[PDB]
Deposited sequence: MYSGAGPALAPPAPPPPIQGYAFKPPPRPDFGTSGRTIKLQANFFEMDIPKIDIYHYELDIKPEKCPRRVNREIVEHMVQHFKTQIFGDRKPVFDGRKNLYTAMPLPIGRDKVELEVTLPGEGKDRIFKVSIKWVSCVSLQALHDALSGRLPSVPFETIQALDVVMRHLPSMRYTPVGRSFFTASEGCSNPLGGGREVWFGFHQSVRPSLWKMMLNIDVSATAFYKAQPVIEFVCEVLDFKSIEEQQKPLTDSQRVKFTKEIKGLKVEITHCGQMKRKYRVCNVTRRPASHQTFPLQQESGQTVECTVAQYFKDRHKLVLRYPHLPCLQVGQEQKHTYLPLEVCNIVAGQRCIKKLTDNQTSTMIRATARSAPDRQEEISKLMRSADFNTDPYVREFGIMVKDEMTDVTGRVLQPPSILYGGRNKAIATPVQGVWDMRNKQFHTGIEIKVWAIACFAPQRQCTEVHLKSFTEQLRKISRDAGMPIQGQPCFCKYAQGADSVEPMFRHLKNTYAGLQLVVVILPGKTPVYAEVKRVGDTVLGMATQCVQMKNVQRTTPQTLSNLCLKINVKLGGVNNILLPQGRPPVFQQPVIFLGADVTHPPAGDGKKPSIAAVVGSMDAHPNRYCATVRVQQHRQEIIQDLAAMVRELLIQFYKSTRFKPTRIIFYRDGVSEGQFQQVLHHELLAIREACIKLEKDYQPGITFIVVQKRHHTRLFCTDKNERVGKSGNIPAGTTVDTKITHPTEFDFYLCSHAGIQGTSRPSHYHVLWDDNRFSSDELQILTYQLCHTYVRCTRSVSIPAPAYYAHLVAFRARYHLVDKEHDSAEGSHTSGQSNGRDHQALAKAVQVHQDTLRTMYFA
């Protein structure tokens, strides 16, 4: 379970395409640089405050130490210099004042950039991490002070334009920046981005925006408890500033107006306090005060003397309208984004950055050219009379004149309509039934007759007794179609009951899609229905599959989904699916709740054991090979994850049978990186968005210098700029060639049963996502006693276990 396998070869399959990547070559000197350890007492202050401390510590202690040396700082404890500092080894206490801190500098090490060159070439097997870290600290030292750092990105108010969102928020533009080793050179990965920020405005104006006032004096009355509570929820936690210089965090909003609100000086009011001490009379005395600092003390500031501090990211969720405006502001086609990144890099002036130039680094201002190959799509085989073969074109095909490979005859089914009768009439339901049966017969999934049961219902409470009744009354019941009036808790209840309480197949459909049907929608609905009932929609043309299918092989997809920002004990959800036939088409699912924000799948061995057992029951084969697509592990966790999960896989094998030792291939799938690929030639641009065509593959130039990784953009780019999926092979007993693995991955992107399209990641990974999503629905408002309760929540019924209920 040690080091990732070396790249075995380069891919040769498919026609070439000229591409540009948002990677900008770096020239790094062949020079040793110097790494010093810093400790700033006390180390509780924000990273930025530390950065300032060091920043003018260097200014204040210029004479003795640095002497024209321009150090870079990571913001916490790491300092780097281009040539060695005068303090030969010895920790030195330094005294720094801020307009109070002791800073100790001690030598740590030498970082050789020559060793980095050696790693980029053949000579070193590994890329020296410390070196990359050093370069990264160098490159982001200045913009960490100039701009507002968010993660690996930087944001700023765009000078000359405003993009308000309302509610005191506006769009800030910026960019992601990262330093990456490559087959060719050190690369600077730069992408543009945008995010909502709080406006740097007076608090009075903030109040007006949040409470929807065109101006204050609507009214000159204290706010209603409603208004005050909304304002409270909006400003709580934000930083404000005064002029009397002072910055505070807002912990509350007083109930009383400033004229009435009092504190112990003897009881003294806030307004009067400002009159007496600060010679100020409140223009808006009827308004509340912000409570700032510790909520235990009693420090209360009037609204009209405070400003919202500049550069605070808006953490809180945006409204629907705010979001709409955000999208509208930041939407760019592929060529537009390409031009924006290029414009940004020409206007960046990285090479005049005094710290960059101090470390002798040069950055290229043009995107790297890279040659991709466009893989051929697999043929898709259908069934019926035709045995039709479909040929994807630009990552899309369709169901017209085709029947499912194996279509289910639906004989017994029901309809529960939770939409109101007056809006979703019996005529609507009838007409919808007619249409659905037409499309379904065309597809080889004949709904033989009318539903056996069709009643209206209201509220979540009616779900369980209705479903119990159905299961007890109609023998051979295959499906319940559930019509919903849009967003409702009923959906989650329908799933809790069907999936985990009764083990019944349900298909939900929104009221509006019953009222107005279209062939495309009903067709997609049929994809879902056929799968849920155990059917096989289509299969990869068998003779067109890579040689790996010549022996029994199981395809696993795995994902962990974590709770959103904020809520803190809500668990993470681990989901693993495995193929159950040779096509591969049918999948079974396993799911677990696990520790909050843990990425490592804790219970993997038990899950894989289950899947292996089910695979044997379905196919009567034991897999000689296990292909494991693992979604969403970042590089910094590669070793962590691979160590636990690979072993878990082995354990599942070992405990199942000895000496059962199938070859394992462990592939990390990453859809959330910042690598963008653009057509160099305009006539290669596909559709309105002008993206690279589906099947575009890149395994040279910008990829890893020694390891086995590649980009594959398997999908049609409909809108904006495509995200090409990245695949990183952490382990491979099966000794794949690049060609076979890339082609296999591509083909798996065509087995996804919910649409006749090639999807952005292989089917097993996608299914993993759907399973986790469904689990999250089983857990809504539910968050060993506790953990057992949550584990119970996501446990499907016995009859649901062997199904694709997640489709």
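Within the chain's deposited sequence, the coordinate-free stretches run 1 to 21, 121 to 126, 272 to 275, 297 to 303, 822 to 835 in sequence order.
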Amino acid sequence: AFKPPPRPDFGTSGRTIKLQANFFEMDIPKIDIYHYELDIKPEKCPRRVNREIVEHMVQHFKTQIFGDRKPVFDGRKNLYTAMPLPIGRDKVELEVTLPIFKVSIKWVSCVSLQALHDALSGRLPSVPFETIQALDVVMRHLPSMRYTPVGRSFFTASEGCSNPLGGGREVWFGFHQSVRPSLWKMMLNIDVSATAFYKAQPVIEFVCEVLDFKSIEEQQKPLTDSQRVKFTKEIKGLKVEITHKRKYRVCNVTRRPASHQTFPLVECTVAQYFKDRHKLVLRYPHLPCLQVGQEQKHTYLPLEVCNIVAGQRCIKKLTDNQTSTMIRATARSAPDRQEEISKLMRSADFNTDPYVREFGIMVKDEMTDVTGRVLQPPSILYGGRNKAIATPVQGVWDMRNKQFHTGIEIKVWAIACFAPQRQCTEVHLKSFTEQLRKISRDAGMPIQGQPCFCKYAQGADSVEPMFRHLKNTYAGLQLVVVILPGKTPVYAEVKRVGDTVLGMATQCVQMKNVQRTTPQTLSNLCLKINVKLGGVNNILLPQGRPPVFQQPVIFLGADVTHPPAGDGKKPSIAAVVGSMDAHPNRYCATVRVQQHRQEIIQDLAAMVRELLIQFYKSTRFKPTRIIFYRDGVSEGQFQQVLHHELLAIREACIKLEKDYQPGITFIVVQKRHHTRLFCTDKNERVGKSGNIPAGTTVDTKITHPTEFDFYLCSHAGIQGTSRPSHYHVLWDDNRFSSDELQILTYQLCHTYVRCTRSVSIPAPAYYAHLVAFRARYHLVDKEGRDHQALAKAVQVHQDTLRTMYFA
From here on, numbers count along this sequence of modelled residues.
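Take the two forms, superpose them, and find the largest set of C-alpha atoms that agree within 1.5 Å; that set is the rigid core.
A fit on the rigid core, followed by a root mean square over CA positions in 6 other deposited structures of this protein, ranks 714 to 722 against 255 to 263 and picks 255 to 263 as the more shifted one. In summary, of the stretches 634 to 642 and 166 to 174, 166 to 174 shows the greater Cα distance from the shown form in 6 other deposited structures of this protein, with structures fitted on the rigid core.
Modelling of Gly784 is missing from a third or more of the other compared entries in which both of its neighbours are modelled.
Missing-residue comparison: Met145 falls in the unmodelled set for none of the other PDB entries checked, so it is not missing from a third of them. Here the stretch with the larger average CA B-factor, out of 294 to 302 and 234 to 242, is 294 to 302.
When the mean C-alpha temperature factors of 169 to 177 and 110 to 118 are read from the deposited coordinates, 110 to 118 comes out higher. Within the selection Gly636, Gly395, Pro446, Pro125, the deposited Cα B-factor values reach their highest point at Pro125.
Per the deposited record, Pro285 carries the highest C-alpha B-factor of all listed residues (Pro285, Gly687, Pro662, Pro420). Per the PDB record, residue ranking by Cα B-factor puts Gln614 in the lowest third of the chain. Among the modelled residues of its chain, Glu740 has a C-alpha B-factor that falls in the lowest third according to the deposited record. Among all modelled residues in its chain, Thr371 ranks in the lowest third by Cα B-factor.
Ranked within its chain, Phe666 lands in the lowest third, by CA B factor from the PDB record. Among the modelled residues of its chain, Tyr198 has a C-alpha B-factor that falls in the middle third according to the deposited record.
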